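Chain and residue survey
Residue strings, one per chain:
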Amino acid sequence: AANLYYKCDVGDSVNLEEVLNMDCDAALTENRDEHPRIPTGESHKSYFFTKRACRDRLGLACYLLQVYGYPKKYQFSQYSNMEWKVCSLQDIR
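To keep things clear, this report deals only with the structure shown in the data block.

Thresholds, definitions, all that
- All residue numbers are counted from 1 along each chain's written sequence and may depart from the entry's numbering; residues that have no coordinates are not represented.
- Heavy atoms throughout the structure, all of them, feed into the side-chain values; hydrogens and water do not.
- Residues with missing side-chain atoms are left out of burial classes, side-chain pairs and their counts.
- Disulfide: a pair of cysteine sulfur atoms within 2.5 Å of each other.
- The numbering of helices and of strands both runs from the N terminus, where a helix is a DSSP run of H or I of at least 4 residues and a strand a run of E of at least 2.
- We count a salt bridge whenever a side-chain nitrogen from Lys or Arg sits within 4 Å of a carboxyl oxygen from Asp or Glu.
- The buried label applies to any residue whose accessible area, calculated with a 1.4 Å probe on protein chains only, is under 20% of its type's maximum; exposed applies above 50%, and partly exposed to all values in between.

Focus on the state of the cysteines
Here the structure, examined in full by the defined rule, presents one disulfide. One disulfide in the model links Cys8 with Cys87; its S-S distance is 2.0 Å. The chirality of the disulfide connecting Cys8 with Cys87 is right-handed, given an S-S dihedral of about 105°. One end of the pair, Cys8, is in the loop between β1 (4–7) and β2 (14–15); the other, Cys87, is in the loop between β7 (84–86) and β8 (88–91), and 79 residues separate them in sequence.

Points about the pattern of salt bridges
Under the criterion given, the structure shown has six salt bridges. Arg55 serves as the salt-bridge partner of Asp12, at 4.0 Å between the closest nitrogen and oxygen. Of this pair, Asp12 sits in the loop between β1 and β2 while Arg55 sits in the loop between β4 (44–52) and β5 (60–68), and the two are 43 residues apart along the sequence. Under the relative-accessibility criterion, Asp12 is labelled partly exposed at 25%.

The structure is reproduced here in structure tokens:
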């Protein structure tokens with residue numbers, strides 16, 4: 001869809017289509033106790049990506065896509081304060 005976006009604890013929005021690009025072999029990272037727990041308990045793969053937090057100021061920000069589930073569910077998170085906060089799906093309301 002295109003009516004949706006991720007609202008990340010700190011930084012600009014992240015739109016649906018960049019997260020999709022994270023779902024490839026190039027971004028595969030090992031899963032770690034640091035990462036946000038998978039909410040159902042299912043096995044998951046993890047994916048690491050970096051971009052400017054805000055395009056107005058300098059600063060790079062690390063983000064993480066976790067894929068789990070039989071019909072593929074996503075969980076998107078952002079590093080800030082040595083913490084992985086999960087970004088929250090929003091609608092352009």
